[PDB]
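Peer 1: Need coordinates for the following:
(one chain, ligands or ions: 1)
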Amino acid sequence: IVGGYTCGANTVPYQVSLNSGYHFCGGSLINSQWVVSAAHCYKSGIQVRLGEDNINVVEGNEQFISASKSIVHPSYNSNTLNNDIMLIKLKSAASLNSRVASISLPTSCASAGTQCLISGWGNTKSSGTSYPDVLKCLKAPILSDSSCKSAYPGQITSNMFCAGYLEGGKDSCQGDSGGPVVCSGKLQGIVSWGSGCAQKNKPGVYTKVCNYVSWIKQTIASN
Ligand SMILES: [Ca+2]
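Peer 2: Numbers count the residues shown, from 1 in each chain. There you are, the coordinates:
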């Protein structure tokens, strides 16, 4: 997260870190057994880390639980990033309390202009590299589909939205991928892609979660 703020420990209780020996992506806990992330985050050997603040220090609220299964969206295209969504099942159910908690799926799609909270342990610099150890947060509005398409000609599908600031300076970034965009207490987006980070006229692009609720629910019901 570039241009954000330190969230505060366990203030984003649905935020998870996906770990294979190191943090590599974010995700969102949507019930005691299941995490939503980006398909482009797929790999084998995932350990889900819940209750994290500093990902390099054991602070007392962590739950580390290995994934038993991953399910990449059936129509995920890694070239265009269309349908950049995946489900990860935990080998055992997480213990839910105020510091570790699921986030609700949307009942309807959020609109341009709605404020959301984007969070992650990704790079904090637009030029060069610095990774924070604690969770970073950014409040950002959803942008119009027109401005989104104008920013990225020929690249924005019906399964994507832009959020952030056309002026630059405030954005998600490398290492934030798969993490949440939450608006009015609902998971509305997944950190997906963008051209660098926090560049002028290159806002972040996010997976449009509301399009996937039926797939998520059905998949969970049978796995
Ligand atoms: Ca920790």
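
Peer 1: longest helix of this structure?
Peer 2: If you go by DSSP state H, the chain has its longest helix at helix 213-221.

Peer 1: Tell me which other helices or strands the longest strand seen in the chain touches.
Peer 2: As assigned by DSSP state E, the longest strand anywhere in the chain is strand 63-72. Packed against strand 63-72 by the contact rule (3 or more Cβ pairs under 8 Å, 6 or more residues apart in numbering; DSSP states H and E) you find strand 47-50, strand 86-90. From N, CA and C alone the C-beta is placed, and that goes for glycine too.

Peer 1: Among the ones you listed, which comes closest to the ion?
Peer 2: strand 47-50 (7.5 Å; Cβ to the ion).

Peer 1: hmm, who's touching the closest one?
Peer 2: For strand 47-50, contacts defined as Cβ atoms under 8 Å, 6 or more residues apart in numbering pick out 16-20, 23, 27, 29, 35, 55, 62-67, 88, 90, 94, 100.

Peer 1: who does it pair up with?
Peer 2: strand 15-19 (antiparallel), strand 63-72 (antiparallel) (DSSP bridges).

Peer 1: so who does the residue nearest to the spatial centre of the chain touch?
Peer 2: The residue lying closest to the centre of the chain (Cα atoms, centre = their mean) is residue 179, at 1.6 Å. Contacts for residue 179 (Cβ under 8 Å, 6+ apart) come out as 15, 25-28, 37, 118-120, 122, 172, 190-191.

Peer 1: related to what we said a few turns ago, would you mind checking the contacts of strand 47-50 for buried ones?
Peer 2: The neighbour-count test (16 or more other Cβ atoms under 10 Å) marks 16-19, 23, 27, 29, 35, 55, 62-63, 65, 67, 88, 90, 94, 100 as buried among those.
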